[PDB]
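Here are two versions of the same chain, shown separately as structure tokens and labelled structure 1 and structure 2.
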Structure 1
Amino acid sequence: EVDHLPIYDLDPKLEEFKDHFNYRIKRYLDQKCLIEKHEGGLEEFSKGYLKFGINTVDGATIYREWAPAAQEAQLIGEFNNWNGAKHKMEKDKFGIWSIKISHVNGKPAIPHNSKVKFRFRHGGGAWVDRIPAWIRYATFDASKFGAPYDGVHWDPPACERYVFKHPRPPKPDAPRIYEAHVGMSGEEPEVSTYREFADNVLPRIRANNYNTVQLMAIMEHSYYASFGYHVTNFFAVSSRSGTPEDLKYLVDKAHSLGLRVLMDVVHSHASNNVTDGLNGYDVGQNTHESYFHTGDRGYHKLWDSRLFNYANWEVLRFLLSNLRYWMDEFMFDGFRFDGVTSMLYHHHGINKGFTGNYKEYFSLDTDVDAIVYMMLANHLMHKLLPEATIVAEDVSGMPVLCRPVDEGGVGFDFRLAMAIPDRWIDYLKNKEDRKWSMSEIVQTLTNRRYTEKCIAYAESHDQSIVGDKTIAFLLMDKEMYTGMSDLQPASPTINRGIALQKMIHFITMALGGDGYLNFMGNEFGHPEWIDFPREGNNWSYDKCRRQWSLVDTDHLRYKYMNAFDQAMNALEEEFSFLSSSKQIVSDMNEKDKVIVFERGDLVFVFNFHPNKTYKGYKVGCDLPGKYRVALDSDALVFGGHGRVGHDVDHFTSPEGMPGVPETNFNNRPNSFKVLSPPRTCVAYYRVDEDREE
């Protein structure tokens, strides 16, 4: 299949695995061919949410629910006082139940914003009442069992439907992503709303010159502390933060500010909550009549959750239609697929362990059903929205995960650089400054496939396990509580931490990939850590908030990390270095603790030494001429000591002959000399003497 793939041009080591890729591509073409034959193709098949769930047509309301294991089924709700006797559904030969309910005096039989459930029985058992799988909203009562949830028919009148005003922005040259969770986005540890987030937080994201918002925890999840990772109602906007119309307002406002918006797609697993989610449909049937595999294959041991059978036709309808639903109905510009490592392998990456050996990537442990779903998904999404960005969350480093389906790849645009936050946490927790290796830093940042695109980030929320301390807090710890006044000179510990927080974020951005990501609050060095109420912390909720008050006051020093973050993104907007394939690390000086490198058109000098200033430190560069400061972390506006001269011309000298590297300086054909105070990072640009002076 069939027979040379363009991926093999890129990475001829893939040809050893031709048999694997022949089978995968055959499975994909055959699944796509069947969807064309039986469902009118991928664009038609992924409009399932107009067929399943509750849809109002002229004069009547139809509801369909796939439940082959049910033997009788009815629709119940406030609209029939929870008695389904006059609302029995009919079952077709595929186990799809349907009912059509005429309007009552010209009005829909099921009022907008009223509660509903699917009622079914089998085996002569009692009625079981569950939430329709394609419900678009669900709310909890909070009359003890603190639940269960109810499904809510959502069909707002004209006065209450959000109508999008703004077009989607163009795809940027590189994504600079602000990742967020709306419920913990408020000052106080109460659940914040989509409207609050849209009005209070989107402006800050745009002020810091991000161009993309990654919105976590959108799909409904009855367990708040799951951070949106255990999904119950895949078509429903999480109700604790507002309604579907509130989310549409938020996405439209982001677009109005020039920001793209991606949603987290959690199609790697489903919540095991029986009353509230899709696990309610499992009554012990064979996997062909379930959303899920059975036995071990249907259970994720680490996430304590259920695992989809991606070969099942109704599950492909469900998941592909869910992608179209979020894109088309809420105007998203793309998505991140969370937990792709679990999808790619039958062992889910649970006990491993990827060494980069290709045998680990392509073997009987590779889950072809899951890869076929992802290829159909990426073919579909880029056909609906050719400028979409779809990110994969994959720790394994699977080759060709981020090459187009039409080349033989899985079709993602970018993957996350999941190994970089681990390195900084180990360094910050376990290594005295003098033992940090400049070469190990560079290797971690630069260790990637250059034929595929990477989003780098220095730190993250940690919620796939339990949140850890932020970089700032790992640097400064309890001194952040009493040592952040801008009135008083900072202690040595606070001066160290502010300077390294800026340096660690900026080297990560400039060397770590082709896109950048920042989670909400870390751009200003928010202290402490993120955690949600659970047994392990005695049900503490004081950490599920963001203390904007810290960055909004000019009397503290958070404003300085924030100003640097704004300037580092503006620098990328100006020079476009994330989209440059020029990346040359010219000096990893271990004794002096200096790293010099070029990315794009800029020369970067990082002095991680605790106390030494290098005067006249020679740095290699490509083009001769006159260089000046482009961004300097020592500037007073970024809380530094203002030691670097922004007006100073740095003239180059020639270093041997271009392409005779032994005659060059650190393999570079010119050099210039800089001032490099301790714990600073400065990027320099070449003056265009035809256009500047």
Structure 2
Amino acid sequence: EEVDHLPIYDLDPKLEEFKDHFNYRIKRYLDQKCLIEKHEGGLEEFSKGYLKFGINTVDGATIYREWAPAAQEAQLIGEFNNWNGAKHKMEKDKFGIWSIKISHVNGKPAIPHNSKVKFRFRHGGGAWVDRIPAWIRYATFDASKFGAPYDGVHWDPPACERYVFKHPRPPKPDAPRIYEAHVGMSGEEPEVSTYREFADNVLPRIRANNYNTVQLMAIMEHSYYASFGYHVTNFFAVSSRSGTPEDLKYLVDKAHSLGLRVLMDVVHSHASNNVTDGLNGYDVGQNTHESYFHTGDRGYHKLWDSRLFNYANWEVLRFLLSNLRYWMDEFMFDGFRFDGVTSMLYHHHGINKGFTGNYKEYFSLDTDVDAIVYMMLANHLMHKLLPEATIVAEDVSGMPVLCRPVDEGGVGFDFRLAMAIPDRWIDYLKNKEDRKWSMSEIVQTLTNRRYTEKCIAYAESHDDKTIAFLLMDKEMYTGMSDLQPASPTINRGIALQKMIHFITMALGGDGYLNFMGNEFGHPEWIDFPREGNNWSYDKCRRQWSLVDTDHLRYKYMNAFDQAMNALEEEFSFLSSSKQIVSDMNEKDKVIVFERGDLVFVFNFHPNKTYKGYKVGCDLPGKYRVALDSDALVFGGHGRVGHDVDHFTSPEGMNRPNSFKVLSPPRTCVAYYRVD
């Protein structure tokens, strides 16, 4: 009844044209939520699946449950029964759920902590098929033959071997300033670094640079390291190559001790096609109703060579929804990024598309209502468990109401990534001479967004040449030493890196993201150990020594990043709806804008200094430098006086006031009004 007028219609009048689609979508959501409440005691109860599935201790007994309707026989095997499951046969209920209850022996659990287990089943009268339980919380590999392969590990450490959280979740910041990181490649050494090494060495740097949030990639277990965490095998398992689940808790608690929020990459967009180690091992040709995945084309993602979930399946909803609670409750995360949302939103998965902005592309028979219902239930659940959670969507398409609350009719995400921004910088840096850069085009890319929804801006992210390397290339290996004066190319590259980051932050959105190393213009690119590079770890690491060495110039880019984040912390401009681009000067290559209380002046001209350049502002009074890219501490030339007063003159009777500034070439300066 109330689904006749969704709040989203008042927010965007164009949406009402697609009332039929939203009618269908919202009713599907309501129906599914009602089913969950009727049969499973609500979303909060339904998402406690990990206390029911996998291996769990109960009074005097151990219970193991596994959903496998396609099997006719099933047993639990492991080191505990010498890999013979004859005395540990499971029984199958009418819903295709297999169970076994194993009595304690002298009050001791039958399956020792840190011991290997497998789900053993037979289908169609064939040989035993042995898989890792779908709800396993840890899975290890032996670096001798295969890889790998992986072993499911019962993780239930005794009291003195458990990590106990000491610190509370910090509060939700006014704007997320996000440091995106991958633990494995976070060390200096050409090796897989560990959770504890990241916590102890990298977390302090993140805090020192004034980030308030960590986006932690590659946590969900993945057998293929080069997948960057995207191709998940064991959804409930902390990736073992960097340590144990207790090591991850240590990392999260340490982040919290430093006042940092932690979000985890949630990959619910697909599953690895790895048959031996992952969920795909449960597909034995059965109907989709009896699988994690669709069948035929709908079951396969061509681009990711991966399997695609049937989001309408009861057990798939239990699995995924419980997975969210698992990470949130057990590991104390402050939220998540859902990766591959674009693929989830459409049956074509947005592959090599192509989105025009026409609403017909968003609301049609290509819209995946199954997946949207799941994400709606997910967002309703997560924000109920943790009201201050931040949930980010990775969506390139620009789907309307993706980031409006479920109660409005939206999908329920808090932020989307501003995924169009990095493409603009790449094209400009690779293909366009500095003199042909359009100031309006830069502004368009940064500002052409949905203003009823929040976004996280970033100049570059993982996936290859960095902005700094596009700017400076081979010259970085010699030119970054302060032992000789900077060349014109080094001076240009350092200047523009700061400017590109700063305009992206200030104009691009309502939050900011930076990938590990890019804050100081880390050289080269990221390359994981693959077959095509002969399993090299050379570019699968971070050269912290570059930023730690005082006789290098990376410190200059790092200092600016620190100051930029500190500036946001002081003035709160990311969380301000006041955004006015007052000057786009194509001839002079100048952009002037206001964000919140700050007036920003960007001079992209290669060589020209503008004395007494008139810039518009809102409030009259006395202005001074708030942040100056040309300061010597940021490796600039020190041409802009920080103690210089800039008095305003009245305008009118398109800004009401103005002052005059000095603007040297390739500089960005933010000015504030003196109280």
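We call the rigid core the largest set of C-alpha positions that still match within 1.5 Å between the two forms. For residue numbers, the reference is structure 1: its sequence is counted from 1.
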item: Residue among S581, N538, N81, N430 with C-alpha shift of 2 Å or more between structures 1 and 2, core superposed; value: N538
item: Displacement in Å of the C-alpha of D92 between structures 1 and 2, rigid core kept as reference; value: 0.2
item: Backbone CA shift between structures 1 and 2, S485, after core fitting (angstrom); value: 1.2
